[PDB]
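> I would like the atomic coordinates for the input below:
(5 chains)
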Amino acid sequence: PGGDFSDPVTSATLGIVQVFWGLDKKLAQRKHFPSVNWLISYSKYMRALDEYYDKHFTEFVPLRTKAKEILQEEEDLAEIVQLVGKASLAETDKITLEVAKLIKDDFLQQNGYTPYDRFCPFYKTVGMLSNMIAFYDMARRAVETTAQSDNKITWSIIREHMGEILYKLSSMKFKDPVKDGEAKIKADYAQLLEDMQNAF
Amino acid sequence: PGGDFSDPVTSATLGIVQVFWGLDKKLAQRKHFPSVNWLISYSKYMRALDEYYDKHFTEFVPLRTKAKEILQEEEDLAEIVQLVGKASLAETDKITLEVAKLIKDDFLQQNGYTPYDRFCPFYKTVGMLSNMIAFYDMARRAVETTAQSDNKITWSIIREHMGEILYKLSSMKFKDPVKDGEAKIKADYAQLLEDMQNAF
Amino acid sequence: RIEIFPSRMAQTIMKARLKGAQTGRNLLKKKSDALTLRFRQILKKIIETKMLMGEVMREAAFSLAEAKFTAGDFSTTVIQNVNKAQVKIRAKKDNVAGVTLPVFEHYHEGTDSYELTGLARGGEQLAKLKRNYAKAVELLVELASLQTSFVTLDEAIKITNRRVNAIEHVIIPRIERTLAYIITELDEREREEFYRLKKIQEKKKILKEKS
Amino acid sequence: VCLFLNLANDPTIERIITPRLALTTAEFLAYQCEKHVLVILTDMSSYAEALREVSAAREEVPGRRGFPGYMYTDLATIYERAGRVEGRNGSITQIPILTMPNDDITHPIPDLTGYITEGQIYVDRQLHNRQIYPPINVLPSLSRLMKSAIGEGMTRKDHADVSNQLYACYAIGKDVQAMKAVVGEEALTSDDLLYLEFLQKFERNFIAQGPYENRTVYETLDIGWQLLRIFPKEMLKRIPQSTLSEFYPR
Amino acid sequence: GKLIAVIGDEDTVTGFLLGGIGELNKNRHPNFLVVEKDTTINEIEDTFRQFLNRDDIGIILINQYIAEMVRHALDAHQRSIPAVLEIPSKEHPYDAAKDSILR
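Residues are numbered from 1 along each chain as shown, chains lettered A, B, ... in the order given. Coordinates below:
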């Protein structure tokens, strides 16, 4: 009642169940579907599933450990922007807020009535997550290795030069089940553009 | 720790008892022992003890009236420094923030397992309090009457020059049970030491 | 946006958090008025002395013409012979409401590099053209002292004006709608205790009526 | 004095019959023997726990915060035994002294007496820890029938204006007292320095008076004019010139 | 910042060098720049970048007629040091450039 999770029905249920998909109303006041609040939600089959995950998708457990770190790093800095402002941030934090905004818009948002996002098989899930985190790790080396000395990459030159590549990252959700093997290739075909653009 | 003054056990008790030594949890988290905070604690046997205090320890009553003023003058100024900073503070105000900090570490702090602070007699209590407020009264005397014409120290040259004398005030809680005579004359020793410094 | 659980003790805690935030406005708003009042009076000192240096530099420019009428051309003698500076500045510090203001102070380590300029034709129009321009750099340092105080004040009164409004719009309404949640949730416990205690009294009359 | 004790040992049912006893004798001395009686009721917060205790003895269900629902009627039976009547020269006035729990005015003991009484006097812990007796702050305190009390025939003519000016300068002087902390002792002007020197003498000479000094209402206004004389003219805007011309030059 | 810099004009700098603000350390640069009729807009922009990056320069004097060309370069400079002033020319009187910071 009232969307409050301090309820004798809800709080009694959370002591019994293992998975909790907390739906947020503010994620429904904007059209962000599904509305699962990634901060308060949890699962308890983590240790029970990684024995399945080192057999079929052998790279996915290091991915969610960073993707959950990026989404919490955004929330710890979102309270700074509304009080202090966006102009006073560092460069390792402005790359954090924009990759996490790419995760919330491409990976987390999912239209249920469109013909392609009404069902997403798990190779498409691990596939499009493996490129949005490698892009986060590649943009880390552009800031951390060239740190202070040279007139370096400061991420303002990234967003104007990667405008074709960011449009590839924001369009990975459009892969219908009319292709199965080609979607795994285009996940790496988008990666080879991501491979070379950090060199140039 | 809880239901500070609105709790049926505590609220019914304070309408009956005369003395209330309120132990603070915040002083206990910073390991300030004893954790009796001086703002919400009270005693009501202050009119009944001035007949005893005008007979046996006649120095005491004008000191306890002033020592409670300095402890709140720091409290009303502690909320100033955490908002705007110490940089625009006055000089009659900075002489409160050092002596009140000298009160909270020398006078109010007391170790119950240390073999000399496990029981502090009342001549030792009136003794070290009469020096920490005479130090406050002489330093108030220096800054106020000599102001804006004479080149009098605005507390920055005092705090480094009294570094041996401020060590004598902070080490005054160490005399014991192995003296009473020596402990009494050392308070008069440290008082005549300060009378030469204020003659400068 | 709510913060913590209602206990009858959190209400006194949230009123203490509200009390510091209510006095976090007026203690910081009046700082933002003390900064703006000096910021507005420096701008009047900016505008007044900027039309005052325009008259001094006009007088120094007419002095220049006079010197050239008397004394040849010095547009290569003066330019070539510079080695060290005769007028220098040292940055001093000032403050208003704990905001450190950079300010400039001028001083002359005077070794005159134009001690002998002219000296055969002119040299009387010089050392009063020097006086007309050393008085000009006397004023242009004093104007630049107000320039560097003006430019660092509004970039330090913007960060104070944001800290006031972040309290007024983000922190104070969040505490106040937290405190409204403490009141209605504590009223909902009192009806639960009222319904339980009235039900006991209704059952106590049932056993009394049979017995 | 008709002093009525009631300790914490003697029964709690006797706390209910105690102000009914005290106001019965204060209705016989006032407008049955025709004299002015001042009734002091303390502690009026300790009355209501006696009212709460006999309520649960009758197996009655407690209302808001444990206190009974008829407490606004029960406080009305003893607060409204006051005032003065038509054909009788006596009167009766009440000062019911009560302590608010956890300094909360939203509590029903200082709230239900606020709907029915005519102004409040505040004893604060801010002035008490500053060693000021009596620790009464006058900014949130108010007397709703003080316009009627004072006047020309009643105390003297300047009472309505010296209290209006002493309240104004204390409010302004409290605001500049924080700017000495956060802005600077040098940045404040000469007039704001004068409000600083007013507040240091207002809290120590006007409010602080000691537990045995009986200042009359004429000695009170003379101390109030000494603290207004430190200000020059044309700042005392609450006092008209018809009374400011006499009392200021002295 | 201990030096005063001047970009000025031809008649402007020879009055200010007579004031005593010129200084030549032969390693780094001269602290002034005479701007004549046949110098490009780029050369004014490099020396403006020189004086802003130099540590000893605390004040930058410049005529506003010369500052009208490098106006895009000095509208981006929003620091407290070095101060930049616009002084009037022999021909060109006055008004613009700091009130962009305050309208």
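> list the residues that contact residue E:66.
When contacts are counted by CB atoms under 8 Å, 6 or more residues apart in numbering or on different chains, residue E:66 is found next to E:7, E:8, E:9, E:35, E:44. The C-beta positions use only the backbone N, C-alpha and C, and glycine is treated the same way.
> relative to residue C:107, which of those residues is nearest.
Out of the contacts of residue E:66, the one with the shortest distance to residue C:107 is residue E:8. That distance is 22.4 Å, counting by CB to CB.
> mind checking the SS state of the closest one?
coil (DSSP: H, G, I helix; E, B strand; the rest coil).
> from what I can see it touches residue E:44, true?
No. Taking CB atoms under 8 Å as the contact criterion, residue E:8 and residue E:44 are not neighbours in contact, 11.0 Å apart.
> intersection of neighbour lists for the two?
Common neighbours of residue E:8 and residue E:44 are listed as E:35, E:66 (criterion: CB under 8 Å, 6+ apart).
> those two: which is more packed in?
It is residue E:8, of residue E:8 and residue E:44, that has more neighbours when counted by other CB atoms under 10 Å in any protein chain shown, with 22 against 19.
> can you map out the helices along the chain?
No chain in the question, so chain A it is. For chain A, the helices defined by DSSP state H cover A:10-14, A:26-29, A:50-53, A:61-81, A:91-102, A:122-144, A:156-161, A:163-169, A:181-197.
> that's the wrong chain, I wanted chain C
So, for chain C - with DSSP H - the helices run C:10-70, C:77-80, C:129-166, C:172-210.
> do the same with chain E
With DSSP H as the definition, chain E shows helices at residue ranges E:10-19, E:41-53, E:64-67, E:71-74.
> highest mean neighbour count out of those?
Using mean count of other CB atoms under 10 Å in any protein chain shown, the stretch among those with the largest mean neighbour count is helix E:10-19, at a mean of 23.
> dump that helix to CSV, restricted to CA.
What follows is helix E:10-19, C-alpha atoms only, in CSV (Å, rounded to 0.1, in the frame of the first residue of the first chain):
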residue,chain,number,x,y,z
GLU,E,10,53.7,51.7,-30.6
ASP,E,11,53.2,55.0,-28.7
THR,E,12,51.7,53.2,-25.7
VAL,E,13,54.6,50.9,-24.8
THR,E,14,57.3,53.6,-25.0
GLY,E,15,55.4,55.6,-22.4
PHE,E,16,55.0,52.5,-20.2
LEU,E,17,58.6,51.4,-20.6
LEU,E,18,59.5,54.9,-19.3
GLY,E,19,57.3,54.1,-16.3
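> what about whichever residue of chain D sits closest to chain B, how many residues nearby?
For chain D, the nearest residue to chain B under the criterion CB to the nearest CB is residue D:102, separated by 3.9 Å. Counted with other CB under 10 Å, the burial measure for residue D:102 works out to 18 neighbours.
> how close does the residue of chain E found nearest chain B sit to chain D?
Nearest to chain B, among the residues of chain E, is residue E:80, at 17.9 Å (CB to the nearest CB). In this structure, residue E:80 and chain D are 21 Å apart, going by CB to the nearest CB, to the nearest Å.
> hmm, residue D:133 is touching residue D:204, no?
No. Here residue D:133 does not reach residue D:204: they are 11.0 Å apart, not a contact under CB under 8 Å.
> separation between the residue of chain D found nearest chain A and chain C?
The shortest separation between chain D and chain A is 20.6 Å, found at residue D:182 (distances taken as CB to the nearest CB). Note on residue D:182: its distance to chain C, by CB to the nearest CB, is 6 Å.
> excluding chain neighbours, give the residue nearest to that residue in space.
Sequence neighbours aside, residue B:84 is the residue nearest to residue D:182 in space, at 4.5 Å (criterion: CB to CB, 6 or more residues apart in numbering or on different chains).
> contacting residues around that neighbour?
C:27, C:28, C:31, C:97, C:98, D:181, D:182.
> the third one: neighbour count?
By the measure other CB under 10 Å, the count of residues near residue C:31 is 24.
> around the residue of chain D closest to chain A, how many other residues sit close by?
Should you count by other CB under 10 Å, residue D:182 turns out to have 20 residues around it.
> surely it touches residue B:88?
Yes. Taking contact to mean CB under 8 Å, the distance of 6.3 Å between residue D:182 and residue B:88 places them in contact.
> what does chain E put close to chain C?
When proximity is defined by CB under 8 Å from any CB of the partner chain, chain E lies next to chain C at E:1-4, E:10-11, E:13-24, E:30-32, E:34, E:58-59, E:61, E:78-81, E:83-85, E:87-88, E:90, E:93-94, E:98, E:101-102.
> show me which of those residues are buried.
Buried subset of the residues of chain E next to chain C (neighbour count, 16 or more other CB atoms under 10 Å in any protein chain shown): E:1, E:3-4, E:11, E:13-24, E:30-32, E:34, E:58-59, E:61, E:80-81, E:83-85, E:87-88, E:90, E:98.
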